[PDB]
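Protein chains in written order, with the working numbering: chain A, 469 to 597; chain B, 469 to 597; chain C, 159 to 585; chain D, 384 to 423; chain E, 293 to 399; chain F, 2 to 126. A virtual CB, placed ideally from N, CA and C, is assigned to each residue, including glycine. What follows is a short report on a single structure.
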Amino acid sequence: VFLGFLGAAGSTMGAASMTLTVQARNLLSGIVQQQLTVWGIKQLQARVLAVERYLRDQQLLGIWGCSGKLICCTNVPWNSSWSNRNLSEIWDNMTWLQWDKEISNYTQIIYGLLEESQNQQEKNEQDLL
Amino acid sequence: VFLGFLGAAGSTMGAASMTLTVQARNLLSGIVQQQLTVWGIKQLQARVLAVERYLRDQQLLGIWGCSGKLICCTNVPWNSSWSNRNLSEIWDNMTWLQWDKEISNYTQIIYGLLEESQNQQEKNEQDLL
Amino acid sequence: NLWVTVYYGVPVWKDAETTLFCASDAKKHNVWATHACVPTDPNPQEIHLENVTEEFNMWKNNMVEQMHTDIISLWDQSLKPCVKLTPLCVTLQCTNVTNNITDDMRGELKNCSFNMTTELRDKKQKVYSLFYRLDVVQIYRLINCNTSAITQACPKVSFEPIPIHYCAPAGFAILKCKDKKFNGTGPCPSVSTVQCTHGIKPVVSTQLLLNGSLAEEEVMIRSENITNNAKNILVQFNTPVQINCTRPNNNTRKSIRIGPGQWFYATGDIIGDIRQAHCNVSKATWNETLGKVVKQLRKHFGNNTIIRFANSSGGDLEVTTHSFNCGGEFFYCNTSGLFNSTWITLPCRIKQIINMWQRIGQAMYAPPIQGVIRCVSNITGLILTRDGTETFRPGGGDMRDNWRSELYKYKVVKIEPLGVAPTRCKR
Amino acid sequence: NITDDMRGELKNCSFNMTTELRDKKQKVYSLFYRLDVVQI
Amino acid sequence: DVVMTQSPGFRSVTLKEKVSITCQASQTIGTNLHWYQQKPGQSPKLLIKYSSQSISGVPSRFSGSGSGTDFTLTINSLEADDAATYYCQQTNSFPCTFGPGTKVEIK
Amino acid sequence: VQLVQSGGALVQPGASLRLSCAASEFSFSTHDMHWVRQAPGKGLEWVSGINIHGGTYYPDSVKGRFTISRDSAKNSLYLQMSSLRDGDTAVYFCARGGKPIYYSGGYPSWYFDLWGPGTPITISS
Ligand SMILES: *[C@@H]1O[C@H](CO)[C@@H](O[C@@H]2O[C@H](CO)[C@@H](O[C@@H]3O[C@H](CO)[C@@H](O)[C@H](O[C@H]4O[C@H](CO)[C@@H](O)[C@H](O)[C@@H]4O[C@H]4O[C@H](CO)[C@@H](O)[C@H](O)[C@@H]4O)[C@@H]3O)[C@H](O)[C@H]2NC(C)=O)[C@H](O)[C@H]1NC(C)=O
Ligand SMILES: *[C@@H]1O[C@H](CO)[C@@H](O[C@@H]2O[C@H](CO)[C@@H](O[C@@H]3O[C@H](CO[C@H]4O[C@H](CO)[C@@H](O)[C@H](O)[C@@H]4O)[C@@H](O)[C@H](O[C@H]4O[C@H](CO)[C@@H](O)[C@H](O)[C@@H]4O)[C@@H]3O)[C@H](O)[C@H]2NC(C)=O)[C@H](O)[C@H]1NC(C)=O
Ligand SMILES: *[C@@H]1O[C@H](CO)[C@@H](O[C@@H]2O[C@H](CO)[C@@H](O)[C@H](O)[C@H]2NC(C)=O)[C@H](O)[C@H]1NC(C)=O
Ligand SMILES: *[C@@H]1O[C@H](CO)[C@@H](O[C@@H]2O[C@H](CO)[C@@H](O)[C@H](O)[C@H]2NC(C)=O)[C@H](O)[C@H]1NC(C)=O
Ligand SMILES: *[C@@H]1O[C@H](CO)[C@@H](O[C@@H]2O[C@H](CO)[C@@H](O)[C@H](O)[C@H]2NC(C)=O)[C@H](O)[C@H]1NC(C)=O
Ligand SMILES: *[C@@H]1O[C@H](CO)[C@@H](O[C@@H]2O[C@H](CO)[C@@H](O)[C@H](O)[C@H]2NC(C)=O)[C@H](O)[C@H]1NC(C)=O
Ligand SMILES: *[C@@H]1O[C@H](CO)[C@@H](O[C@@H]2O[C@H](CO)[C@@H](O)[C@H](O)[C@H]2NC(C)=O)[C@H](O)[C@H]1NC(C)=O
Ligand SMILES: *[C@@H]1O[C@H](CO)[C@@H](O[C@@H]2O[C@H](CO)[C@@H](O)[C@H](O)[C@H]2NC(C)=O)[C@H](O)[C@H]1NC(C)=O
Ligand SMILES: *[C@@H]1O[C@H](CO)[C@@H](O[C@@H]2O[C@H](CO)[C@@H](O)[C@H](O)[C@H]2NC(C)=O)[C@H](O)[C@H]1NC(C)=O
Ligand SMILES: *[C@@H]1O[C@H](CO)[C@@H](O[C@@H]2O[C@H](CO)[C@@H](O)[C@H](O)[C@H]2NC(C)=O)[C@H](O)[C@H]1NC(C)=O
Ligand SMILES: *[C@@H]1O[C@H](CO)[C@@H](O[C@@H]2O[C@H](CO)[C@@H](O)[C@H](O)[C@H]2NC(C)=O)[C@H](O)[C@H]1NC(C)=O
Ligand SMILES: *[C@@H]1O[C@H](CO)[C@@H](O[C@@H]2O[C@H](CO)[C@@H](O)[C@H](O)[C@H]2NC(C)=O)[C@H](O)[C@H]1NC(C)=O
Ligand SMILES: *[C@@H]1O[C@H](CO)[C@@H](O)[C@H](O)[C@H]1NC(C)=O
Ligand SMILES: *[C@@H]1O[C@H](CO)[C@@H](O)[C@H](O)[C@H]1NC(C)=O
Ligand SMILES: *[C@@H]1O[C@H](CO)[C@@H](O)[C@H](O)[C@H]1NC(C)=O
Ligand SMILES: *[C@@H]1O[C@H](CO)[C@@H](O)[C@H](O)[C@H]1NC(C)=O
Ligand SMILES: *[C@@H]1O[C@H](CO)[C@@H](O)[C@H](O)[C@H]1NC(C)=O
Ligand SMILES: *[C@@H]1O[C@H](CO)[C@@H](O)[C@H](O)[C@H]1NC(C)=O
Ligand SMILES: *[C@@H]1O[C@H](CO)[C@@H](O)[C@H](O)[C@H]1NC(C)=O
Ligand SMILES: *[C@@H]1O[C@H](CO)[C@@H](O)[C@H](O)[C@H]1NC(C)=O
Ligand SMILES: *[C@@H]1O[C@H](CO)[C@@H](O)[C@H](O)[C@H]1NC(C)=O
Ligand SMILES: *[C@@H]1O[C@H](CO)[C@@H](O)[C@H](O)[C@H]1NC(C)=O
């Protein structure tokens, strides 16, 4: 569906965030998915690997309690050591490529803190009945 | 991520329930997923089967209306014939391995009753508009 | 008081090495025809990107290695299940052909007889064929008999240079550089994202690059390192030049039974007079392209520096001659008449046993072809080396550079849709 | 110069072997160990 | 069990000397080795973790590395305040174990 | 920040004894806690531990004789030992498990960031 895709990258993170489905809709089907085991086996291998990549990201969102929707609020505070910019500065003057580089150092830390959704689920059961 | 995993099994179901993401995060990638079709074909076959197992459990949760989260309340009452223990007795003195054996006999029955989520969805549409 | 927010579908990427898949042209045993990629066509899937300047480097492009790897694999798969000419690795009794042969053909054709096997494993037969001297050794014998196994290419298999298109697998995308006068490396201010590349014909040749794309405006000269005399220099013309190659000597072939379901194709007598193969180049345009090349070479070597073109000195046919494949016949033509100038008839030879990629032999044995051959190609480029006034000579290189010369505009990256940023929203 | 413990262990055998050129044969020999060779 | 040894039993060193001691395991422990020190009459202190990671509160003169069965502790320039018995511990395989320690005496 | 400890003691063989530690300026509820003992002439033998969820770990050298417990309400730790031997003479310590590299749940890192001062027990006739 190259009606629009990574062209979102030409603008700011704020603007790009309004078209997230544009890329999502292009992540599951390569040319081989639209369409002598020699050579042909590679197409089979590629399809399998594409599936695995997709599912790994979905599993991570599941674990974090962010499965479903494009945007997920986490209830985990942002650390002051991760960046030092105005919120509006990053959303209006930075692109996603720039941002990803700027906070690459904290990827594992941030993800580790998203394990807190597990504590939230225990609390919710106790007060839910 | 063997930082922690099945070691949860050493304790009670209650305690173990607080670390469910510990195992979930280790279910999608074997050594062959981290990394002459003779011999090598086995790695391809294994990756595919691992995917199928994962999806079958996710599909079942989807059908039951329990897709998402670690813990799902069902609105299906527990039968008195399934076990005869105090609720606190199983959560504080039993392990999950022991529990799974104790109620193995009712697996299909319990799952069959989780089809009730379908009736709930019909009722919800009618009163939702 | 900021919070972590997770975003999915984020338009970012990183360089990656993956397998690209081919696509076919629809419109039938022409190699690519069996190992079909499934036809595509309505796929002008091109999106312009604003800003996002990205870098390219054609000498580090892994796509080149894939093209090499799969074309050689397919070559073997197509030719593996054929005859295996074990019985032809025998002693030859040869004489000279005494027919009406011109001076330029003296010593070129041999008439050889030998004891060949039959379908009935009791008996032998007396068989003869004409041979070209380049495939025969005087002790006579076939020249590759003492080295490795020889086969016969299947007569119904045709390795036609059908253009092949490549597309990304899911999770990947291809970035195309549209920068005018891009020299092959560094930042490319104008990039678009595509689903697939244009088609590229699998043309394998030496010295001159045939039937490729043309430069948009100027003749482009690029290399990994301009000042390194150990490197090959790639020249792309903005104007095509036609070359007309012919193979005279109308002939036929004989189908000889060699075993129970196995046949060999022999070369019959020539009809009419005997002449050599050759190619025609228009002197007017050859002179123009070299002058254009020099004007551009002077940009790096000095416009007060005299530039000379000279012969392809080296130790073998696969080094010194211009290799062509027309009608299934393999030609080794003399280009010394082209690279002779300080700032057109080219005689040509043919062979049946072709090693292609060295390795161990392969020896597909191009079968004899009946009638005559007429083949006209588009010269689109040139590969040169320098010896260091400076002198350039036709260069070398593997078939890899006959891909690189077209592949340079494309790069593949991996999409990474999931990431985070601060927001004011808490769950 | 073979010791007592090696008597009968080594054979020197010749035979008509094929060549690369399918017209001719060659005379070739090799030593062999008795455990891989049978007397007819 | 993982048996840990240390060598030398003690080391006789002088001030401003660059010095080192080593630890060995009977079986590979990957990189799961930690270095501790203790002075007479004092509680233990952790100086290096996971073979080569630094710890706040530990002077920059202390460093080390290792893997598998062979690890090294070193001091870039020995200070009087560094006299201590140094110890290795492994966390690769339960029960957790430790070596006998190496005494460093300063002259 | 420190682990505040009880004083030492002399007991007869076969005696039981309870040791304790307290959290000064931190909560025990946020850390995995362990006990080790240092016999004269020895290094630190791990004795016991409890995780943040109340799960426990023991050596076979003390299992069945020693029990570890926690009461987070008062920020206190306990080690209860029965049937003590002369061979159990040692300085006992509490220690705060060091922070792990990546989340494990109630599974200890087995190394320590914080050590207490030491509480000797002598067992003799
Ligand atoms: C650069 O591009 C040019 C332009 O495309 C390339 O040159 C063209 O090459 C093709 C193929 O060589 C050539 O087409 C031939 O024209 C002949 C005219 O009569 C045809 O007869 C011939 O068809 C026969 O051979 C084919 C080989 O695969 C068979 O597939 C086909 O079915 C025909 O063969 C049948 O009939 C014969 C009859 O005796 C029989 O014996 C066979 O068994 C079989 O039954 C082709 O159509 C173009 O004419 C060429 N055009 C020019 C200008 O040369 C050039 O090669 C490219 N250069 C490079 C470097 O790639
Ligand atoms: C591997 O196998 C071993 C051996 O069985 C298990 O070890 C036992 O684990 C259980 C569960 O944690 C332990 O039982 C707990 O003991 C605590 C000790 O409390 C003492 O001190 C208080 C102080 O006022 C006294 O009142 C009390 O009587 C004791 O003297 C209890 O406090 C725990 O109860 C808590 O939770 C329950 C939950 O319903 C509440 O109702 C209680 O009020 C209280 O909050 C509990 O009883 C048992 O002692 C362990 N044995 C040993 C030797 O440690 C391992 O757990 C098992 N696997 C793992 C991984 O641990
Ligand atoms: C190659 O040698 C063969 C064998 O002599 C030639 O074929 C002979 O041509 C004469 C011409 O009158 C015939 O009478 C014979 O019967 C032919 N012999 C066979 C076996 O066919 C053949 O013409 C020679 N080819 C060339 C190019 O010289
Ligand atoms: C096919 O094999 C025969 C048998 O070896 C070859 O003819 C022999 O040539 C030798 C040469 O001195 C003569 O002594 C034999 O008497 C010949 N035999 C016969 C039956 O004539 C023959 O030339 C071989 N043919 C080819 C084409 O190689
Ligand atoms: C097969 O035989 C040919 C012919 O003798 C060998 O190639 C020759 O090698 C010598 C070595 O000095 C060269 O001088 C000759 O010029 C070579 N001949 C040709 C025609 O180039 C060839 O190497 C042999 N192959 C094997 C595997 O032994
Ligand atoms: C394409 O042209 C650019 C511009 O001249 C070349 O970039 C220079 O490369 C040298 C290589 O060491 C650097 O030292 C210069 O600083 C580069 N220039 C700039 C402006 O950065 C580039 O190498 C050329 N690429 C090719 C393949 O010829
Ligand atoms: C491009 O080629 C030039 C020429 O070979 C390289 O420059 C030489 O680098 C070697 C490295 O030790 C020096 O010893 C030579 O003296 C250099 N030659 C000159 C004329 O300075 C140049 O480095 C190559 N470019 C790159 C990027 O490697
Ligand atoms: C290159 O062009 C020359 C010139 O037209 C071709 O040779 C001519 O062929 C005709 C055919 O009857 C002769 O009448 C002429 O006398 C020939 N001229 C010369 C100079 O030989 C030549 O064959 C062409 N070569 C190719 C490969 O097409
Ligand atoms: C094309 O044919 C010509 C025929 O003259 C070959 O010319 C020779 O080139 C070498 C190169 O150094 C000279 O040393 C010889 O003296 C030349 N021969 C003559 C008669 O002058 C030329 O090399 C051939 N080129 C190819 C690629 O085959
Ligand atoms: C390369 O160019 C030279 C120069 O034109 C050619 O040599 C000339 O050939 C003509 C032919 O009649 C002679 O009259 C000239 O006297 C020759 N010049 C010299 C300096 O000897 C040469 O043949 C060309 N080479 C090729 C391969 O075409
Ligand atoms: C060399 O390339 C040119 C450019 O594409 C080819 O000429 C064109 O061929 C198309 C085919 O339909 C025609 O529509 C154009 O009108 C042709 N252009 C001109 C200027 O005639 C040319 O045929 C190619 N030559 C070879 C030998 O492949
Ligand atoms: C290779 O084959 C030849 C041919 O059979 C063997 O020599 C023959 O031995 C018989 C034995 O009675 C004689 O009658 C023949 O006259 C011999 N022929 C020749 C040409 O001498 C020969 O011994 C075989 N070689 C080996 C090593 O087995
Ligand atoms: C940020 O990192 C510092 C490091 O000490 C930590 O103390 C603080 O609690 C962290 N969290 C936030 C939201 O600042
Ligand atoms: C907010 O923007 C102002 C603009 O100059 C800047 O000075 C200030 O430091 C910014 N805040 C942050 C967190 O960067
Ligand atoms: C962490 O920051 C340093 C700073 O230079 C950088 O070099 C390193 O690559 C960063 N790590 C990541 C994951 O970005
Ligand atoms: C349990 O099983 C009995 C079997 O007759 C059934 O009557 C009863 O309704 C079931 N449900 C519960 C929740 O007890
Ligand atoms: C609840 O625990 C008491 C303890 O003895 C037991 O007698 C009673 O039967 C228990 N209830 C169930 C359902 O087991
Ligand atoms: C059902 O209960 C019987 C009781 O002995 C047992 O043997 C059988 O295996 C049980 N079935 C399941 C599924 O556990
Ligand atoms: C063919 O004629 C040439 C002329 O010199 C001669 O050298 C060659 O040996 C002859 N070949 C045969 C097979 O008669
Ligand atoms: C090739 O043949 C065509 C046929 O018309 C001719 O026009 C063209 O000039 C020839 N090319 C050369 C280089 O002679
Ligand atoms: C080459 O041409 C450029 C064009 O501007 C000129 O600046 C340069 O000086 C010329 N070099 C020589 C050697 O004439
Ligand atoms: C070859 O000669 C035969 C003789 O009749 C003729 O029919 C055929 O057309 C000729 N082929 C060519 C390509 O001239």
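Just to make sure I have the definition right: I need the residues of chain D whose C-beta is within less than 9 Å of the C-beta of residue i. Which are they?
i: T249/C; result: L404, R405, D406 and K407
Please list the partners that residue i has in chain A, where partner means a Cβ-to-Cβ separation under 8 Å.
i: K537/B; result: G533 and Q589
i: residue 125/C; result: The structure shown has nothing for residue 125/C, since chain C only spans 159 to 585.
Against residue i, what residues of chain C qualify as contacts under a CB-to-CB distance less than 7 Å, listed in chain order?
i: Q503/A; result: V196
Run down chain A in chain order and give the residues with a C-beta less than 7 Å from the C-beta of residue i.
i: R515/B; result: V516 and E520
Would you please state the rounded distance, in angstroms, between the beta carbons of residue i and residue j? I believe it to be under 8 Å.
i: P14/F; j: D87/F; result: 6 Å
i: residue 461/A; j: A328/C; result: Chain A is shown from 469 up to 597; residue 461/A falls before or after that span and cannot be answered.
i: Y165/C; j: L538/A; result: 7 Å
i: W559/A; j: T480/A; result: 7 Å
i: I541/C; j: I391/C; result: 7 Å
i: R562/C; j: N215/C; result: Actually they are not in contact, since the Cβ atoms of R562/C and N215/C sit about 11 Å apart, beyond 8 Å.
i: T227/C; j: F330/C; result: With 8 Å as the limit, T227/C and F330/C do not qualify as a contact, their Cβ atoms being about 18 Å apart.
Find the residues of chain D that neighbour residue i, judging by a C-beta separation of less than 8 Å, and give them in chain order.
i: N304/C; result: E403 and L404
Could you name the residues of chain F that residue i contacts, counting a contact when the two beta carbons are closer than 8 Å?
i: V469/B; result: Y103
List, in chain order, every chain B residue whose beta-carbon is nearer than 9 Å to that of residue i.
i: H32/F; result: Here the premise fails: no neighbours, minimum Cβ distance about 16 Å.
For a contact meaning CB atoms closer than 9 Å, what does residue i contact in chain G?
i: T505/B; result: Looking for chain G here will not work: the only protein chains present are A, B, C, D, E and F.
Would you mind telling me which residues of chain B sit closer than 7 Å to residue i, beta carbon to beta carbon, in chain order?
i: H54/F; result: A483 and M486
Under 8 Å between beta-carbons, which chain C residues line up against residue i? List them in chain order, please.
i: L555/A; result: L160, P580, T581 and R582
Length at least 4, wholly inside the region 424-512 of chain C: the alpha helix (DSSP H) runs in chain order:
441-459 and 475-478
Is the region 347-362 of chain C touching the region 372-385 of chain C, taking contact as three or more C-beta pairs under 8 Å?
no
Between the region 95-108 of chain F and chain B, which residues of the former have a C-beta closer than 9 Å to a C-beta of the latter?
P101, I102, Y103, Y104, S105, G106, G107 and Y108
Check whether the region 27-35 of chain F touches the region 91-110 of chain F, counting contact only when three or more Cβ pairs, one atom from each stretch, lie closer than 8 Å.
Touching, yes.
Which ranges does the beta strand (DSSP E) cover as unbroken runs of at least 3 residues, wholly within the region 309-365 of chain C, from first to last along the chain?
323-325, 330-335, 343-346 and 349-352
For the region 525-533 of chain C against the region 397-409 of chain C, are there 3 or more C-beta pairs whose distance is under 8 Å?
yes
Below 8 Å, can you find three or more Cβ-Cβ pairs linking the region 356-364 of chain E to the region 311-326 of chain E?
Counting Cβ pairs under 8 Å, three or more are found: they touch.
Any C-beta of chain A within less than 7 Å: which residues of the region 331-364 of chain C qualify?
Of all residues in the region 331-364 of chain C, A331, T351, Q353 and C354 have a Cβ within less than 7 Å of some Cβ in chain A.
The region 357-365 of chain C touching the region 519-529 of chain C, judged by at least three CB pairs closer than 8 Å:
no
Short-range partners of chain B found in the region 488-499 of chain A, where Cβ spacing is below 8 Å:
none
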